[PDB]
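The lines below spell out each chain.
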Amino acid sequence: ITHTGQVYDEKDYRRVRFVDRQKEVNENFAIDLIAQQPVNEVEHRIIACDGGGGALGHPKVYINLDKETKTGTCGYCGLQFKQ
Amino acid sequence: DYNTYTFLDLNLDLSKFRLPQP
Amino acid sequence: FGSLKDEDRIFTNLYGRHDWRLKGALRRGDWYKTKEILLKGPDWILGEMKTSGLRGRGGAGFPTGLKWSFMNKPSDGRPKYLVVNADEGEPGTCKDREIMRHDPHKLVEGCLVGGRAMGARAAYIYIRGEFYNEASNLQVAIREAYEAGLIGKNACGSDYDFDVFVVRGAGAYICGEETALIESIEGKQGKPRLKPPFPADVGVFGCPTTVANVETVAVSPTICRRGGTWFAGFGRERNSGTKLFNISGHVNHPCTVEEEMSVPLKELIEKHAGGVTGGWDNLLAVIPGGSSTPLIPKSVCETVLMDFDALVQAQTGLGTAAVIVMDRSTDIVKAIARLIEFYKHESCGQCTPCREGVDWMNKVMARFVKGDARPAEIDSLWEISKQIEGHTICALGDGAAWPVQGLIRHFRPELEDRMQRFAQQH
Amino acid sequence: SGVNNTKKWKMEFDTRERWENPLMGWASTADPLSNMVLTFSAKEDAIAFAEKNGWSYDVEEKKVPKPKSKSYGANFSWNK
Amino acid sequence: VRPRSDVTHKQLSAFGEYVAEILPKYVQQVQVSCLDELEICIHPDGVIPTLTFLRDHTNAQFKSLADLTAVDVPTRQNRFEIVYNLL
Amino acid sequence: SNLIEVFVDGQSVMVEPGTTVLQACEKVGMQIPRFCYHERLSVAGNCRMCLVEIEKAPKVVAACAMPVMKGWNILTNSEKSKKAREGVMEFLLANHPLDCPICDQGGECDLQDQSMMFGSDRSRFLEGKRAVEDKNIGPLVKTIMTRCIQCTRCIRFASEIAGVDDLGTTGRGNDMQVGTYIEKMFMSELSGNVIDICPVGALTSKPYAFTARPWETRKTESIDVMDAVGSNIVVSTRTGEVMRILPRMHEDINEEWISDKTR
Amino acid sequence: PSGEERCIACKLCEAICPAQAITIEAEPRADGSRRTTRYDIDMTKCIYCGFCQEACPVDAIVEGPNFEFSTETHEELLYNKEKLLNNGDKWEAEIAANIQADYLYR
Amino acid sequence: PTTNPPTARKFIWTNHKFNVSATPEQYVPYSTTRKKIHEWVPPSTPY
Amino acid sequence: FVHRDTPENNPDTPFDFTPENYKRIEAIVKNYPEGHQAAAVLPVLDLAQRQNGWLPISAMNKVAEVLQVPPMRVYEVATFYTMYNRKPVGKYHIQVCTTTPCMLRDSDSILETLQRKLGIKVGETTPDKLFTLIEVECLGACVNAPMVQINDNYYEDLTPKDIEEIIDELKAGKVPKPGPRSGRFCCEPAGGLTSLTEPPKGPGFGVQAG
Ligand SMILES: Cc1cc2nc3c(=O)[nH]c(=O)nc-3n(C[C@H](O)[C@H](O)[C@H](O)COP(=O)(O)O)c2cc1C
Ligand code: SF4
Ligand code: SF4
Ligand code: SF4
Ligand code: FES
Ligand code: FES
Ligand SMILES: [Zn+2]
């Protein structure tokens, strides 16, 4: 159910906690939300993902898009870029 | 004018002269 | 002073004009006293070198005699060796390309004359692979010599047995370095070693070894023939003998001519070679020893004798004595910038200070040519420059820092204006 | 490769139960002397603390790296 | 870098010697930190005597007790280090 | 006999002839900041982060590689030997990708600490950085090699401690990348030690990728039971489940190394 | 903005929390990305210092404007990743405005 | 908010909720981490 | 510097020294001290290139076997030096020297001339694969500043036009008089010898006794 497949077993009693209450979960899951964003087709071997917004984003990092097969993915945003 | 193997082949020719190995 | 006589010059075959082959060499009488000299013994030969006062002749001008002497210590059961670097990579150096191509023999007897001085079992000549044709010339010459019996067992009538080999370089400036020539000879990657295990002590293949600029090996037979005194007389004090001078760039007749070392610079371009293109007034700067040495502007170019002592007083190095001249028609900021590009495309990357430092100066230098960088950045490069100068495993990092230091030292106002020019147009 | 944390002797009490907590899954411990690690400069002083406080002790001798001979020349040995 | 006046490190140092001389039976060590603070160290028996001299001496009146504390160095045989700070 | 006397800041330590300058400082107790020098790996001199200043000498010397000589005073903390570290650390950091909150050698970094202790507080590298394509060296070691400080301890271990002789340097300049030229996995026992021996977090462990962070890990010293060499090991446990087993040094049994199986 | 949670589990928000409030355990997500399996701020333990706001490199954990979250039961005050992420989604518009106003200062 | 609206980011809620504490929508804390020590399930086939 | 196996460039391309080449390899090994065959890596690897300009990964592997050296070692040497192609290369493979000495004597012009002459941009090769243009660094021969190395030959002291002439010679026919296509002989003073004007000396001259 949750982001990590956290689902109390059919016999676990913490399910009593959810009795007469809502088990809080978020419909918007990141694993999926990042996928939607398309691969950025940059034209330089190495590009940088400042995180969007500079100081309001994530530490700046340079990605090597040299591997033709795969696409570079910022360890921070998850945004992907291909040459 | 010299061929691509000039250096190597010339050397081989010199092998006979080349003093014994260590 | 200067004005060496052609008669007292060493490579008469310079500029060709005489068969680089043996015959022409016999008329030159290059192989005249070779048997006798070797018969004299290792010590006597090395002694003549000391008397000569001959310095390096290659990159750093270490006293040749003392250096070679370091392997005149008794053999410890490992064959001693001779390595004659002919990489000739320092930008501006065609100095060596001559002896190798024009007068291969002089170097062949230089090798055996030098060999008995160090008691080397054999000599390997690392001519840069770029010069394939050059190689063709020397082993033809080496082949002639053995056919004659001048080299090999029974070398020139001497019980001494010396074998000379030629090794292919593969387009690396660093291969030139003394510890790195060895590793290329050893077959590993061309990465210099640290000096604590000195080259004589740990040799190639762990056998004592010594490395000489081809010019240094070539003059040793003629210096023994002419005697140290004749040679030592030509130079100024410590700086001695006559060193070939290659003048390239912004000069009317660029050429390599050998002249009395300690020859005034304003004169070198004036008497041999040719006048500074556009008049001596059109001299922005000159780099006396090649790319590694700092360029000197026209303040000293007027009166600077080109001897290593005089240059070190001037803060520049005689080096390979390659004179590169820059008229007032050149963007020095870009001239030196390509030399830093020359060093980023070439340093081995073994040591942290050169690897990142040379790349760091390249990035800053490219911005400096554009003028994008602010004025405060200029003194930073200075600080980046000396971090690289004293911390590097080899001298190339030493060499990369000096041109940067020269540009800031004498042309700081021009770089500031390029700084200013870009800021104004926004 | 720093050795500044291998200098002073420490005496540490034996580890005890760390059961998972049902409500949040946090680790839970019933042993008070667990997180306590006292630092003593010398082996003799630490042994003294155990004796007067009455805790049992089992001292482990310091083991320091043995001297190792190194020299850059070796790597370029004729025959290694 | 903090500004340091050596006037104090000299004044306090001298006083330290003065106290030590006057109370040599108990003063073991007298040091001035690099922070210009004196720290006479006394044998436990000198608690009464050293304090009294400081509370009632014309050339060293130390009327109020800022604090009494005890660091605990377990390694140290004498575990506690009673520290009395006076003004 | 065979006991030169060298002074480390005037402490007259005495060392067997042959001891390096770094080793001389160790017996006094001082520790030269070092990268690319491991006790049981050959001296290489790649980093030059250990430059010290023997007294009355024009240039600073390489600690890990300079045979000490009689009389020398090391001046390890000399204003000079600090510029010789404040300026090297400038370089290692310049091409470094700042993903320290990705680098799981976060608190286990000999490059942040040697930077927080022996280096400067800022940066002047206003230029751009470099990036090196990663490599799937294996299923145990995750080589995020854009982190590599080209210290060549891997290429040594992979040749000297283990006889793999596969890892090697490729190219020259600032794009010397120390990865297998063709993609052949580094398959050998003793493989995981590369993780422990790379001070940078370029190549680290793939199973223990992001499960923890070292300050939290409670470290209990125990014995290897997988094999009969009985190698000493430290089991790093967080909140009661083991997170990592890494080696702890036993001169006689496992001297800083452990098998691929038992970690 | 894309929808990928900012936290990358560096876990120094846990390191600098004065009260030991934040508990983080992580594992590489299927995507291969670094993410926190469990992020639990115990608000009763938290003393609202705001250092976590300070420490985060990606600034994933922020001190949100709402002060009215009084709860009938003690358990509700303990917060897991889903409540905080939901709290983040609800107040993101104002949090973004607040960070926008104060980032130059920091 | 009318004058300068806020930034919309295609995850932010459209219906924001008040204190749900007394109502059954309330957060009930739970560990989101999966099991750690999986166990050997016996063999169901009689030996 | 990564060899991602490709159908063309990968070991499926079998490599083996022609019988003659192997003979050459043997001599090369003889020069070096016995027990130090590994030292012949560079020379042998070059011979491989002589055989096949591409010098494919397979070739590198063969070199290793022939010299009984770890495969990685061959790779290191190949990826370190620059005279090794490690890819397919043009029949002519011209290289233009662009260090400051040459540039100061207008090397850039030559490169530009070639770019359009060749119709191919630097770092690239002609469609017929006849010519590959590379901006190489100091190739020595600086005195004859304007200079380029076509294949092994060194064409020097060239004015833009000269190259076009040379390229044409290469494009139709062969052996286009390789060398400095200028009035100067080698690196002599262009106008006239500043020295060495007089005849050379003779054996024994000014020799110290013995
Ligand atoms: C980066 C670098 C490149 C070098 N290139 C050359 C060269 O091309 N030719 C040369 O003779 N020496 C060169 N040297 C100097 C050699 O390392 C060595 O000092 C010299 O060849 C010794 O010869 P000598 O005793 O005749 O001076 C170079 C040094 C460095 C650091
Ligand atoms: S290695 Fe990992 S941790 Fe150490 S500095 Fe580089 S990134 Fe930060
Ligand atoms: S990988 Fe680790 S060890 Fe191998 S070089 Fe890069 S940093 Fe040094
Ligand atoms: S919250 Fe910020 S700091 Fe705490 S882990 Fe996630 S990212 Fe790192
Ligand atoms: S440790 Fe001194 S060179 Fe790296
Ligand atoms: S720079 Fe082109 S010849 Fe040396
Ligand atoms: Zn990103």
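Residues numbered from 1 in each chain as written, not as in the entry; some residues may be left out. Chains lettered and ligands numbered in written order. Part of a larger assembly, values for the part shown. Heavy atoms only, no water.

What the deposited record gives as its method is cryo-EM, and the resolution it gives is 3.5 Å.

Under the annotation held in the PDB entry, chain G carries the name NADH dehydrogenase [ubiquinone] iron-sulfur protein 8, mitochondrial and is attributed to Mus musculus. UniProt annotates chain G under Subunit (literature references left out) with the comment "Complex I is composed of 45 different subunits. This is a component of the iron-sulfur (IP) fragment of the enzyme. Interacts with RAB5IF." UniProt, in its Subcellular location section for chain G, records the words "Mitochondrion inner membrane". (UniProt positions renumbered as here; feature names shortened; annotations may be inferred.)

Chain D is annotated in the PDB entry as NADH dehydrogenase [ubiquinone] iron-sulfur protein 4, mitochondrial from Mus musculus.

**Student:** What is the right way to read the overall build of chain G from this model?
**Tutor:** Along the backbone of chain G there are four helices and three strands. Starting at the N terminus and ending at the C terminus, chain G contains elements arranged as α-β-β-α-α-β-α. The C-alpha atoms of chain G give 14 Å as radius of gyration, which agrees with the globular expectation for 106 residues (13 Å, within 12%). Overall, the C-alpha framework of chain G stretches about 40 × 35 × 25 Å when taken along its three principal axes. Long-range contacts, defined as pairs at least 24 residues apart, comprise 60% of the intrachain contacts of chain G with a sequence gap of at least 6. (Helix = DSSP H or I, 4+ residues; strand = E, 2+ residues; numbered from the N terminus. Rg over C-alpha atoms; globule rule 2.2 N^0.38 Å. Contact = heavy atoms within 4.5 Å.)

**Student:** How should the overall build of chain D be read in this particular structure?
**Tutor:** Secondary structure assignment for chain D yields one helix and four strands. Taking 12 Å as the expected radius of gyration for a compact globule of 80 residues, we find that chain D reaches 21 Å, considerably beyond that expectation. Along the first, second and third principal axes, the C-alpha set of chain D runs to 65 × 40 × 20 Å. In chain D, buried positions account for 22% of the 80 residues. (Buried < 20%, exposed > 50% of the residue type's maximum accessible area, 1.4 Å probe, protein only.)

**Student:** Would you mind showing me how to read the site of ligand 1 here?
**Tutor:** Residues and elements named next belong to chain C. Neighbouring residues of ligand 1: 18 residues in total, closest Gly56, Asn85, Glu178, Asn213 and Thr216. Within the backbone of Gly58, one N or O atom sits 3.4 Å away from an oxygen atom of ligand 1. Relative to its unbound accessible surface of 620 Å², ligand 1 loses 90% to contact with the protein. Those elements that place two or more of their residues in the shell around ligand 1 are β4 (209-213) and α16 (395-425). Tallying contributions element by element places β4 first for the shell around ligand 1, with three residues. When the residues that make up the shell around ligand 1 are grouped by side-chain class, the tally is six nonpolar, seven polar and five charged. (Near = heavy atom within 4 Å. Polar contact = N/O pair within 3.5 Å; in protein donor to acceptor, adjacent residues only side chain to side chain. Areas by Shrake-Rupley, 256 points an atom, 1.4 Å probe, with all protein chains shown as cover. Nonpolar A, V, L, I, M, F, W, Y, C, P; charged D, E, K, R; others polar.)

**Student:** What is the right way to look at the interface of chain C and chain I in this model?
**Tutor:** Accessible area lost during the coming together of the parts is what is often quoted as the interface size. Each partner contributes to the interface: chain C provides 77 residues, whereas chain I provides 59 residues. Together chain C and chain I conceal approximately 5700 Å² of surface at their shared face, both sides included; 61% is due to carbon and sulfur atoms. For chain C, the biggest contributors to the area lost against chain I are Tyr15, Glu130 and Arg338 of chain C; these three give 11% of the whole. Put simply, chain C and chain I have three salt bridges between them. (Buried area = accessible area lost by both parts, 1.4 Å probe. Salt bridge = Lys/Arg side-chain N within 4 Å of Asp/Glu carboxyl O.)

**Student:** How should I be thinking about a negative patch on the surface in this particular structure?
**Tutor:** Taken together, the side chains of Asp106, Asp108, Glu112 and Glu135 of chain I define an acidic patch exposed on the protein surface. Within the secondary structure layout, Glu112 of chain I lies in helix α6 (residues 107-118). (Patch = residues over 30% accessible without salt bridge, like charges linked within 9 Å, V, L, I, M, F, W, Y side chains within 5 Å. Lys, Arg positive; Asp, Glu negative; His and termini not counted. Charge placed at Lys NZ, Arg CZ, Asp CG, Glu CD.)

**Student:** Help me understand the site of ligand 3 in this model?
**Tutor:** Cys148, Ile149, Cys151, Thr152, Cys154, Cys198 and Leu203 of chain F make up every residue found near ligand 3. By residue class, the composition of the shell around ligand 3 is six nonpolar, one polar and no charged.

**Student:** Would you mind going over the sheet that holds strand β2 (residues 122-127) of chain C with me for this structure?
**Tutor:** Within a beta sheet, neighbouring strands are joined by backbone hydrogen bonds and run either parallel or antiparallel to one another. All names here are of chain C. Taken together, the four strands give an open sheet; going across it, the order is β3-β2-β1-β4, and neighbouring strands pair in parallel fashion. Of all strands in the sheet, those with a lone pairing partner are β3 (163-168) and β4, marking the two edges. Here the average twist between neighbouring strands, direction ignored, is 25 degrees. Relative to β2, strand β1 (residues 81-86) is paired through six bridges, and the arrangement is parallel. The partner of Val83 across the bridge, within β2, is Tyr124. In the packing of helix α6 (residues 104-118) onto the sheet, contacts are made with β1, β2, β3 and β4, and the angle to β1 comes to roughly 145 degrees. Running over the sheet, helix α9 (residues 214-234) touches β1 and β4 and is turned about 90 degrees from β4. (Pairing = 2+ DSSP bridges. Axes fitted to C-alpha atoms, helices over the stretch in contact; angles between N-to-C directions.)

**Student:** What's the story with the pairing of strand β8 (residues 232-238) of chain F in this structure? I'm lost.
**Tutor:** Residue and element names in this part refer to chain F. Summarising burial for β8: seven of the seven residues are buried, a large majority. Pairing geometry for strand β7 (residues 218-223) and β8, over six bridges, is antiparallel. Bridge pairing in β8 places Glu221 opposite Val234. In this sheet, strand β9 (residues 241-247) lies alongside β8 in antiparallel orientation, the contact comprising six bridges. Considered in β9, the bridge of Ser236 is made with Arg244. Two successive antiparallel strands, β8 and β9, enclose a turn made up of two residues, where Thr239 displays a positive phi of approximately 45 degrees.

**Student:** Explain the environment of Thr217 of chain F to me, please; I cannot follow it from the model alone.
**Tutor:** All names here are of chain F. Looking at the element boundaries, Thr217 is found in the loop between β6 (203-205) and β7. A sequence separation of 104 residues divides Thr217 from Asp113, and the C-alpha atoms of the two residues are 18 Å apart. Here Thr217 is in contact with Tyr208, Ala212, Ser236, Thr237, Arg238 and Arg244, once residues within four sequence places are set aside. For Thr217, the side chain forms a polar contact with the main-chain oxygen of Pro214, separated by 2.8 Å.

**Student:** Looking at this structure, how should I read the nonpolar core?
**Tutor:** Ranked by size, the top nonpolar core spans 223 residues in total, and within it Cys111, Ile125, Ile142 and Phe368 of chain C together with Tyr81 of chain I carry the most contacts. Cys111 of chain C has contacts with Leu82, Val84, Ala123, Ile125, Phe162, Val164 and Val217 of chain C, leaving out every residue within four places of it along the chain. Formed by 33 residues, the second largest nonpolar core is a distinct cluster that contains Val141, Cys148, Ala158 and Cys198 of chain F. (Core = buried A, V, L, I, M, F, W, Y, C linked by side-chain atoms within 4.5 Å.)

**Student:** What am I meant to see in unusual backbone geometry here?
**Tutor:** Where the residue is not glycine, phi is negative for most of them; where a peptide bond is considered, it is trans in most cases. Although it is not a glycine, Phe205 of chain C adopts a positive phi angle of roughly 55 degrees. In this model, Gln150 of chain F sits at a positive phi of 40 degrees, which is unusual for a non-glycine residue. Mapped onto the secondary structure, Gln150 of chain F falls in the loop between β5 (141-143) and α5 (153-157).

**Student:** Would you take a moment to explain the packing of helix α1 (residues 19-31) of chain I against helix α2 (residues 41-51) of chain I for this structure?
**Tutor:** Angle between the axes and distance between the axes are the two parameters that describe a pair of packed helices. Residue and element names in this part refer to chain I. Packing of α1 against α2 brings their axes to within 10 Å, and their N-to-C directions diverge by 160 degrees. The pairing of α1 with α2 is recorded here as roughly antiparallel in orientation. Relative to α2, the crossing made by α1 is right-handed. In contact with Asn21, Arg24, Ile25 and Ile28 of α1, α2 contributes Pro43, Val44, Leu47 and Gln51. In terms of residue class, the contact of α1 with α2 is made up of five nonpolar, two polar and one charged. (Parallel < 35°, antiparallel > 145°, perpendicular 65-115°, else oblique. Left-handed = near helix turned anticlockwise from the far one by under 90°.)

**Student:** Explanation requested: the packing of helix α3 (residues 42-52) of chain C against α9 of chain C in the structure shown.
**Tutor:** Residue and element names in this part refer to chain C. It is at 8 Å that the axes of α3 and α9 come closest, and there the two elements cross at 40 degrees. As the angle between them shows, α3 and α9 are arranged oblique. Handedness of the crossing formed by α3 with α9: left-handed. Seen from α3, the contacting residues are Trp44, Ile45, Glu48, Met49, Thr51 and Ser52; seen from α9, they are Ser220, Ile223, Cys224, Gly228, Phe231 and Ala232. In the contact of α3 with α9, the residues fall into seven nonpolar, four polar and one charged.

**Student:** It is not clear to me how the packing of aromatic side chains should be interpreted in this structure. Could you clarify?
**Tutor:** Within this structure, the stated rule accounts for 33 aromatic pairs over all chains. Ring centres of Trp230 of chain C and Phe231 of chain C lie 6.4 Å apart, and the angle between their planes is 40 degrees; this geometry places the pair in the tilted category. Note on accessibility: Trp230 of chain C and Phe231 of chain C belong to one class, buried. Between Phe49 of chain D and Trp55 of chain D, the ring centres sit 6.2 Å apart and the planes meet at 40 degrees, which makes this aromatic pair tilted. (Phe/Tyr/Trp six-rings, centres within 6.5 Å; stacked < 30°, edge-to-face > 60°.)

**Student:** Explain α16 of chain C to me, please; I cannot follow it from the model alone.
**Tutor:** Side chains three or four residues apart in an α-helix point the same way, a direct result of the helix having 3.6 residues per turn. Along α16 of chain C, the largest kink reaches about 95 degrees and is centred on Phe411 of chain C; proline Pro413 of chain C follows within four residues of it. Once α16 of chain C ends, the next one or two residues include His426 of chain C, with phi positive near 55 degrees. (Bend = angle between axes of the 7 residues up to and from the residue.)

**Student:** Sorry if this is basic, but what is going on with the side chain of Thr194 of chain I here?
**Tutor:** Here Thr194 of chain I is to be found in the segment after α7 (160-171). You can call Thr194 of chain I buried: its relative accessible area is 19%. Among all residues touching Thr194 of chain I, those that are not within four sequence positions of it are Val257, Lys271, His272 and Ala273 of chain C together with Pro189 of chain I.

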